[PDB]
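Below: query-v7.cif (mmCIF, C-alpha atoms)
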```cif
data_entry
#
loop_
_atom_site.group_PDB
_atom_site.id
_atom_site.type_symbol
_atom_site.label_atom_id
_atom_site.label_comp_id
_atom_site.auth_asym_id
_atom_site.auth_seq_id
_atom_site.Cartn_x
_atom_site.Cartn_y
_atom_site.Cartn_z
ATOM 1 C CA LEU A 179 -19.773 -25.631 23.419
ATOM 2 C CA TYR A 180 -19.779 -21.831 23.242
ATOM 3 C CA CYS A 181 -22.091 -19.466 25.099
ATOM 4 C CA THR A 182 -21.830 -15.726 25.702
ATOM 5 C CA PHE A 183 -22.888 -14.863 29.242
ATOM 6 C CA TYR A 184 -23.393 -11.051 29.031
ATOM 7 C CA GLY A 185 -20.361 -10.614 26.786
ATOM 8 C CA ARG A 186 -18.111 -13.087 28.582
ATOM 9 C CA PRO A 187 -17.303 -16.100 26.371
ATOM 10 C CA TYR A 188 -17.431 -19.569 27.882
ATOM 11 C CA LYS A 189 -15.668 -22.712 26.727
ATOM 12 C CA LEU A 190 -17.435 -25.932 27.708
ATOM 13 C CA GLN A 191 -16.076 -29.457 27.231
ATOM 14 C CA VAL A 192 -18.614 -32.283 27.301
ATOM 15 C CA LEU A 193 -17.391 -35.350 29.179
ATOM 16 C CA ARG A 194 -20.443 -37.568 29.640
ATOM 17 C CA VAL A 195 -24.043 -37.727 28.363
ATOM 18 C CA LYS A 196 -26.637 -39.998 30.002
ATOM 19 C CA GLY A 197 -29.891 -40.143 28.068
ATOM 20 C CA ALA A 198 -33.515 -41.136 28.468
ATOM 21 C CA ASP A 199 -33.207 -44.835 27.608
ATOM 22 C CA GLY A 200 -30.587 -45.357 30.319
ATOM 23 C CA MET A 201 -27.673 -46.055 27.974
ATOM 24 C CA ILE A 202 -24.626 -43.997 28.869
ATOM 25 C CA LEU A 203 -21.510 -43.367 26.816
ATOM 26 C CA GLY A 204 -17.855 -43.862 27.723
ATOM 27 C CA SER B 17 5.336 2.913 -11.322
ATOM 28 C CA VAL B 18 4.489 -0.444 -9.729
ATOM 29 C CA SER B 19 5.979 -0.252 -6.229
ATOM 30 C CA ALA B 20 5.332 3.503 -5.990
ATOM 31 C CA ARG B 21 1.664 2.877 -6.847
ATOM 32 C CA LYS B 22 1.623 0.374 -3.969
ATOM 33 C CA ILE B 23 2.818 3.209 -1.691
ATOM 34 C CA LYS B 24 0.025 5.402 -3.201
ATOM 35 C CA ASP B 25 -2.514 2.716 -2.318
ATOM 36 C CA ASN B 26 -1.004 1.995 1.113
ATOM 37 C CA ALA B 27 -1.008 5.571 2.494
ATOM 38 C CA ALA B 28 -4.604 6.206 1.382
ATOM 39 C CA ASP B 29 -5.801 2.881 2.806
ATOM 40 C CA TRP B 30 -3.989 3.727 6.072
ATOM 41 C CA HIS B 31 -5.851 7.073 6.334
ATOM 42 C CA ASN B 32 -9.222 5.479 5.453
ATOM 43 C CA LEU B 33 -8.741 2.744 8.081
ATOM 44 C CA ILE B 34 -7.966 5.347 10.794
ATOM 45 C CA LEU B 35 -11.225 7.149 9.883
ATOM 46 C CA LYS B 36 -13.357 3.974 10.157
ATOM 47 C CA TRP B 37 -11.642 3.136 13.490
ATOM 48 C CA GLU B 38 -12.740 6.535 14.844
ATOM 49 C CA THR B 39 -16.365 6.056 13.673
ATOM 50 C CA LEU B 40 -16.594 2.579 15.241
ATOM 51 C CA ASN B 41 -15.030 3.859 18.490
ATOM 52 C CA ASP B 42 -17.706 6.585 18.793
ATOM 53 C CA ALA B 43 -20.478 3.991 18.270
ATOM 54 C CA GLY B 44 -18.908 1.724 20.896
ATOM 55 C CA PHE B 45 -18.605 4.529 23.458
ATOM 56 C CA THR B 46 -22.299 5.455 23.074
ATOM 57 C CA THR B 47 -23.365 1.791 23.508
ATOM 58 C CA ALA B 48 -21.068 1.319 26.558
ATOM 59 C CA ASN B 49 -22.326 4.496 28.259
ATOM 60 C CA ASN B 50 -25.934 3.305 27.742
ATOM 61 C CA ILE B 51 -24.958 -0.111 29.209
ATOM 62 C CA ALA B 52 -23.492 1.498 32.356
ATOM 63 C CA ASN B 53 -26.542 3.769 32.781
ATOM 64 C CA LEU B 54 -28.875 0.748 32.470
ATOM 65 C CA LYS B 55 -26.774 -1.171 35.022
ATOM 66 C CA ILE B 56 -26.841 1.648 37.584
ATOM 67 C CA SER B 57 -30.612 2.052 37.020
ATOM 68 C CA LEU B 58 -30.950 -1.703 37.620
ATOM 69 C CA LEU B 59 -28.890 -1.714 40.811
ATOM 70 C CA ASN B 60 -30.346 1.510 42.240
ATOM 71 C CA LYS B 61 -33.921 0.255 41.797
ATOM 72 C CA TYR B 84 -34.329 -6.941 31.904
ATOM 73 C CA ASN B 85 -32.127 -9.461 30.135
ATOM 74 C CA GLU B 86 -33.536 -8.838 26.631
ATOM 75 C CA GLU B 87 -32.394 -5.245 26.132
ATOM 76 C CA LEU B 88 -29.164 -5.832 28.092
ATOM 77 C CA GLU B 89 -28.427 -8.821 25.837
ATOM 78 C CA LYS B 90 -29.288 -6.690 22.785
ATOM 79 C CA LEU B 91 -26.936 -3.873 23.876
ATOM 80 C CA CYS B 92 -24.150 -6.394 24.564
ATOM 81 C CA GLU B 93 -24.779 -7.923 21.119
ATOM 82 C CA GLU B 94 -24.367 -4.624 19.261
ATOM 83 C CA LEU B 95 -21.186 -4.005 21.281
ATOM 84 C CA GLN B 96 -20.036 -7.431 20.017
ATOM 85 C CA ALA B 97 -20.864 -6.376 16.427
ATOM 86 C CA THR B 98 -18.731 -3.232 16.933
ATOM 87 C CA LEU B 99 -15.826 -5.405 18.152
ATOM 88 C CA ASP B 100 -16.228 -7.695 15.109
ATOM 89 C CA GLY B 101 -15.934 -4.665 12.809
ATOM 90 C CA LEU B 102 -12.748 -3.594 14.612
ATOM 91 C CA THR B 103 -11.385 -7.165 14.209
ATOM 92 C CA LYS B 104 -11.994 -6.918 10.428
ATOM 93 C CA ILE B 105 -10.110 -3.584 10.325
ATOM 94 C CA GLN B 106 -7.173 -5.204 12.189
ATOM 95 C CA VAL B 107 -7.128 -8.104 9.675
ATOM 96 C CA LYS B 108 -6.839 -5.600 6.784
ATOM 97 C CA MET B 109 -4.094 -3.770 8.736
ATOM 98 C CA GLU B 110 -2.084 -6.988 9.168
ATOM 99 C CA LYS B 111 -2.315 -7.938 5.489
ATOM 100 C CA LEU B 112 -1.329 -4.400 4.423
ATOM 101 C CA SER B 113 1.784 -4.503 6.634
ATOM 102 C CA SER B 114 2.526 -8.025 5.351
ATOM 103 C CA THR B 115 2.422 -6.978 1.693
ATOM 104 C CA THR B 116 4.551 -3.910 2.530
ATOM 105 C CA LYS B 117 7.103 -6.276 4.141
ATOM 106 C CA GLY B 118 6.885 -8.451 1.025
ATOM 107 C CA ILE B 119 7.548 -5.619 -1.412
ATOM 108 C CA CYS B 120 10.471 -4.281 0.702
ATOM 109 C CA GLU B 121 12.000 -7.782 0.782
ATOM 110 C CA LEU B 122 11.324 -8.129 -2.971
ATOM 111 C CA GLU B 123 13.212 -4.889 -3.679
ATOM 112 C CA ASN B 124 16.014 -5.908 -1.285
ATOM 113 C CA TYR B 125 16.378 -9.263 -3.050
ATOM 114 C CA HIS B 126 16.136 -7.738 -6.543
ATOM 115 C CA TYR B 127 18.593 -4.859 -6.084
ATOM 116 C CA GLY B 128 21.255 -6.976 -4.373
ATOM 117 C CA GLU B 129 23.273 -6.205 -1.274
ATOM 118 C CA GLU B 130 25.942 -3.704 -2.378
ATOM 119 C CA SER B 131 23.834 -1.153 -4.249
ATOM 120 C CA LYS B 132 23.201 2.549 -3.603
ATOM 121 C CA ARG B 133 19.500 2.689 -4.411
ATOM 122 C CA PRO B 134 17.977 6.011 -5.518
ATOM 123 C CA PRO B 135 14.655 6.639 -3.744
ATOM 124 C CA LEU B 136 11.265 6.117 -5.375
ATOM 125 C CA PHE B 137 10.101 9.517 -4.087
ATOM 126 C CA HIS B 138 12.710 12.305 -3.447
ATOM 127 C CA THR B 139 14.375 11.124 -0.237
ATOM 128 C CA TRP B 140 12.992 8.137 1.654
ATOM 129 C CA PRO B 141 13.996 4.473 1.392
ATOM 130 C CA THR B 142 11.372 1.753 1.871
ATOM 131 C CA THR B 143 12.611 0.338 5.203
ATOM 132 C CA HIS B 144 11.315 3.523 6.864
ATOM 133 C CA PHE B 145 7.855 2.605 5.517
ATOM 134 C CA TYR B 146 8.308 -0.879 7.017
ATOM 135 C CA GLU B 147 9.142 0.485 10.510
ATOM 136 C CA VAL B 148 6.250 2.996 10.350
ATOM 137 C CA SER B 149 3.777 0.210 9.453
ATOM 138 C CA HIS B 150 5.264 -2.110 12.114
ATOM 139 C CA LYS B 151 4.910 0.340 15.013
ATOM 140 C CA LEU B 152 1.395 1.410 13.913
ATOM 141 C CA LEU B 153 0.365 -2.275 13.711
ATOM 142 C CA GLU B 154 1.793 -2.997 17.191
ATOM 143 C CA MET B 155 -0.030 -0.029 18.783
ATOM 144 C CA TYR B 156 -3.446 -0.820 17.304
ATOM 145 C CA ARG B 157 -3.026 -4.545 18.074
ATOM 146 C CA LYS B 158 -2.483 -3.787 21.780
ATOM 147 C CA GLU B 159 -5.417 -1.323 21.860
ATOM 148 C CA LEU B 160 -7.843 -3.902 20.408
ATOM 149 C CA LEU B 161 -6.931 -6.413 23.161
ATOM 150 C CA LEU B 162 -7.647 -3.776 25.832
ATOM 151 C CA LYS B 163 -11.052 -3.137 24.205
ATOM 152 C CA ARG B 164 -11.869 -6.890 24.315
ATOM 153 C CA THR B 165 -11.066 -6.967 28.051
ATOM 154 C CA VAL B 166 -13.293 -3.884 28.625
ATOM 155 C CA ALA B 167 -16.202 -5.512 26.748
ATOM 156 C CA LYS B 168 -15.681 -8.691 28.800
ATOM 157 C CA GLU B 169 -15.693 -7.026 32.210
ATOM 158 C CA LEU B 170 -18.060 -4.054 31.769
ATOM 159 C CA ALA B 171 -21.467 -5.672 32.340
ATOM 160 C CA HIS B 172 -20.649 -7.462 35.620
ATOM 161 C CA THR B 173 -18.752 -5.038 37.869
ATOM 162 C CA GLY B 174 -20.345 -3.068 40.677
ATOM 163 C CA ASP B 175 -17.770 -0.602 41.982
ATOM 164 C CA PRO B 176 -18.534 2.751 40.242
ATOM 165 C CA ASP B 177 -14.900 3.944 40.238
ATOM 166 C CA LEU B 178 -14.004 0.899 38.145
ATOM 167 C CA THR B 179 -16.942 1.644 35.816
ATOM 168 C CA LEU B 180 -15.640 5.197 35.269
ATOM 169 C CA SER B 181 -12.152 3.754 34.727
ATOM 170 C CA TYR B 182 -13.439 1.267 32.104
ATOM 171 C CA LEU B 183 -15.335 4.014 30.246
ATOM 172 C CA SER B 184 -12.211 6.211 30.347
ATOM 173 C CA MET B 185 -10.162 3.313 28.916
ATOM 174 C CA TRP B 186 -12.658 3.105 26.058
ATOM 175 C CA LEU B 187 -12.604 6.849 25.416
ATOM 176 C CA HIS B 188 -9.004 7.959 25.803
ATOM 177 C CA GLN B 189 -7.202 4.947 24.136
ATOM 178 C CA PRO B 190 -3.977 4.662 26.191
ATOM 179 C CA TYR B 191 -2.065 2.395 23.768
ATOM 180 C CA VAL B 192 -2.357 4.782 20.786
ATOM 181 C CA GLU B 193 0.272 7.513 20.941
ATOM 182 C CA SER B 194 -0.042 11.039 19.564
ATOM 183 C CA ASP B 195 3.218 11.446 17.573
ATOM 184 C CA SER B 196 2.368 8.482 15.314
ATOM 185 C CA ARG B 197 -0.129 10.870 13.717
ATOM 186 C CA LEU B 198 2.863 13.016 12.782
ATOM 187 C CA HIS B 199 4.303 9.861 11.360
ATOM 188 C CA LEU B 200 1.203 9.216 9.270
ATOM 189 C CA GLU B 201 1.553 12.710 7.840
ATOM 190 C CA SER B 202 5.152 11.873 6.908
ATOM 191 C CA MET B 203 3.712 9.325 4.455
ATOM 192 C CA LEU B 204 1.293 12.045 3.376
ATOM 193 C CA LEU B 205 4.375 14.022 2.350
ATOM 194 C CA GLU B 206 5.869 10.885 0.766
ATOM 195 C CA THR B 207 2.798 10.050 -1.334
ATOM 196 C CA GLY B 208 1.424 13.487 -2.145
ATOM 197 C CA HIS B 209 -2.291 13.407 -1.353
ATOM 198 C CA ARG B 210 -1.755 16.607 0.611
ATOM 199 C CA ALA B 211 -0.470 19.557 -1.397
ATOM 200 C CA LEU B 212 3.132 20.638 -0.851
#
```

Exercise: express the given structure as structure tokens:
Amino acid sequence: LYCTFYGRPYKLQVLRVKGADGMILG
Amino acid sequence: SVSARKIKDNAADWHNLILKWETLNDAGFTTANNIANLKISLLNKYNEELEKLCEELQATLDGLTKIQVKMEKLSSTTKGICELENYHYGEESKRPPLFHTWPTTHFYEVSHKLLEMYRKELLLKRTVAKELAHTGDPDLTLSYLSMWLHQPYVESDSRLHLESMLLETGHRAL
């Protein structure tokens, strides 16, 4: 994921998502 | 009439690219000076107009990136036509020049050192646009604005060198 905080670019790597039905991923 | 016309195109495109670099640098300096004045008016006393000013500074940097891409492909096709002439004429050959005096390897070194200087200067401008909106020490703000204005990786004598191609192409009158 890419976001520009006031000109500074950020690199984000998603490791885990836990959702609303309670099922998580690996 | 084929390679010499490529030198005619290359010198004129070099001069046009230097002119658009100067216009984009003036627009970037005005936006950066407004950003620093808004930051010191913030701190002495929001995110929408600061984000908008940072976004048009990003659009200025994208235009400079496009100019550097055209610079790299122009030096690459100049390297290709010098290597094409070096392969076609053989090794042991006393080549007469296309214009009165100059061989084409001088055009390759001129394009190589101009490409290296503007490639370093663009990286310094990216670091300035990264670090300008967050710092708080005003000496470092004046230093960052002076690094935008005075361009310390672009040397003066290379302009003399550009005019050497302007006396190897002939857009200026002898």

Contacts of stretch 189-192 of chain A within 8 Å, all atoms listed in the file, excl. fewer than 2 positions in-chain, as a PyMOL selection string: chain A and resi 179-181+187+194-195

Residues near stretch 27-32 of chain B, anyone? I mean within 12 Å using all atoms listed in the file, not counting same-chain ones fewer than 5 positions away, as a VMD selection string. chain B and resid 20 to 22 37 to 39 105 to 106 108 to 113 116 145 148 to 149 152 to 153 197 199 to 210

Where does the PyMOL selection byres ((chain B) within 12 of (chain A)) land in this file, that is, which residues does it pick, as a ChimeraX atom specification? /B:48,51,85-97,99,164-173

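For the atom pair formed by atom CA of residue B:44 and atom CA of residue B:163, the distance is 9.8 Å, given to one decimal.
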
Nearest to residue B:141: which of B:124, B:162, B:186, B:60 is it, counting only C-alpha atoms? B:124

So the first atom is atom CA of residue B:182 and the second is atom CA of residue B:151; what is the distance between them in Å, to one decimal place? 25.1 Å

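Our summary of the geometry notes that atom CA of residue B:146 is positioned 17.0 Å from atom CA of residue B:195.
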
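Among the candidate residues B:189, B:98, B:142, B:53, the one lying nearest to residue B:120 is B:142, with distances computed using all atoms listed in the file.
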
Contacts of residue B:191 within 10 Å, all atoms listed in the file, excl. fewer than 3 positions in-chain, as a ChimeraX atom specification: /B:154-160,162,185,188,194

Output, as lines of an AutoDock Vina configuration file, the centre and edge lengths in Å (one decimal) of the axis-aligned box that contains all listed atoms of stretch 183-187 of chain A with 4 Å of margin on each side.
```
center_x = -20.3
center_y = -13.4
center_z = 27.8
size_x = 14.1
size_y = 13.5
size_z = 10.9
```
